[PDB]
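Listed next as structure tokens is one chain, alone, in the form deposited in one PDB entry.
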């Protein structure tokens, strides 16, 4: 199934789930993938519109590629109801990995009766549930979703364990954008955790990183970074990614700025060209500082002098030229 201008909108808008291979002919990795994609589609006909496999020749349909923000070849996009998923298939390039992935994506995800959302419904055969299902289908990796039917409609967000109060959804449950955004807000915290599992996605968001490195149990530090970012940098959340990392797991980034977990908590920026150190941690409390730190990245002030700064460490988490042709 080769998408084009004429047929794309139909196929995708109606597909419950669509895996789309945006490729190019001259791409070594793409050419490697073609027959793997081919076999997995054959295997995924253990279904029966439910799940469609499709491809885009990004050289034939430049208009299509530019609109799905294809940053490299081959890109594997997931679509649900013709909406593109933010997460890409970033796993092993084998028929099994692929078919498993899709199986995973088509699965559960909600259990009918850590952070927890739960939905209350008259009927699974109703608009609201459809909307809930669709959300849980997107967000199952960030949250755990549950469904209670019958007597024995509403959405409740149950946060981190006891001594933390339930939060009730007040929006329209037939309204998918709002329901989506409410749940998404409760799931995806202002300062997100960076791991190797998710690192690559985070890089492809195209923002420099502002990171707190800290000692896993040290949460005094996370919390104070948490609301300093909130209190000082909200105005700048579209310019920079607020993140936190565990020192032991990221000793290598710490090597770049001549630090060890001993020195943690440490606040740094990784711009994808260089890494920059904030200074004393407790300096976060000084009113201007954190913000100025961010400001200075953007003004070029950090670069300057200080004779050239150390390289990005997090660029290695970004998609590899040993796995993809990379587009600029």
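Here, rigid core means the biggest group of C-alpha atoms that superpose within 1.5 Å across both forms. Residue numbers count along the first chain shown, from 1.
Novice: What number of deposited residues lacks coordinates in the span between residue 113 and residue 114: none, 1 to 3, 4 to 9, or 10 or more?
Specialist: Gap between residue 113 and residue 114: 10 or more unmodelled residues.
Novice: From residue 152 on to residue 153, does the model leave out none, 1 to 3, 4 to 9, or 10 or more residues of the deposited sequence?
Specialist: The entry has a gap there, with 4 to 9 residues left out between residue 152 and residue 153.
Missing here is the form deposited in another entry; even so, the following discussion is about that form.
Novice: Quick check: residue 299 between the shown form and the other one - does its CA shift reach 2 Å or more after fitting the rigid core?
Specialist: Yes; residue 299 is a residue whose C-alpha shifts (by 2 Å or more) between the shown form and the other one when the cores are overlaid.
Novice: 2 Å or more on the CA of residue 164 between the shown form and the other one, with the rigid core superposed, yes or no?
Specialist: After core superposition, the displacement of the residue 164 C-alpha between the shown form and the other one reaches the 2 Å mark, so yes.
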